[PDB]
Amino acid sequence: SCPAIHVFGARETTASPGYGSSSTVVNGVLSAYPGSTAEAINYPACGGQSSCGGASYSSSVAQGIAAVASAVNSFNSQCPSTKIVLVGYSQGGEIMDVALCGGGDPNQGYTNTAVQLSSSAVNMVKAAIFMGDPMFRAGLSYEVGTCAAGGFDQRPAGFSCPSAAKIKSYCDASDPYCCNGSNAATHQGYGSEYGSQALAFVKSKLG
């Protein structure tokens, strides 16, 4: 039987297969909604390291966008009335950002600018949570945090995501990846810093 709610989580670069640091908010949703189910996105989550298969960050991102689209679109076809939540951490956020919002990822050579989720699937995505996404660019309505600049794959000025109202994307000023700061520790802490706010947002969208 299809569940009422299903969650997809995407891990950060070099994390072992599974959820990685998306686990905080994935597990928060599962415990808030007994009977809900979750799956991890299967993608390289790599940056050239042999531990994760050697794929460059650009190849990993491209594979990840396709993996998100394949997984979510197929699930929605199987379970058309199930509400979907997306959670992605760092590179996992980036691949979800492109799949949901389109616009491509030109620094990584991902040239297609279309939204990659099907129309049916976008409608059933009710909340998306990105943490530490390198495409962060301050000044989008769905962003939260102290970063007033943007990251190494930042969206261009003027960007709009059609699904803006469904997203919260978090990034703080001292993050060197989603922002232009210099403290890597900040990049690892968003589950504890923003986990509760993220879960509140999800709850507000699911009911």
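We number the residues from 1 along the sequence you see.
Higher mean CA temperature factor between 43-51 and 156-164: 156-164, per the PDB entry.
Taking the PDB entry as given, 194-202 carries the higher mean Cα B factor of the two stretches 9-17 and 194-202.
Within the listed group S169, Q63, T37, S141, the record reports its top CA B-factor for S141.
The PDB entry assigns the greatest CA B-factor among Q78, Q91, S81, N112 to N112. Per the PDB record, residue ranking by Cα B-factor puts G102 in the middle third of the chain. Annotation for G181: CA B-factor lies in the highest third of the chain's modelled residues. In the PDB entry, a CA B factor belonging to the highest third of its chain's modelled residues is recorded for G28.
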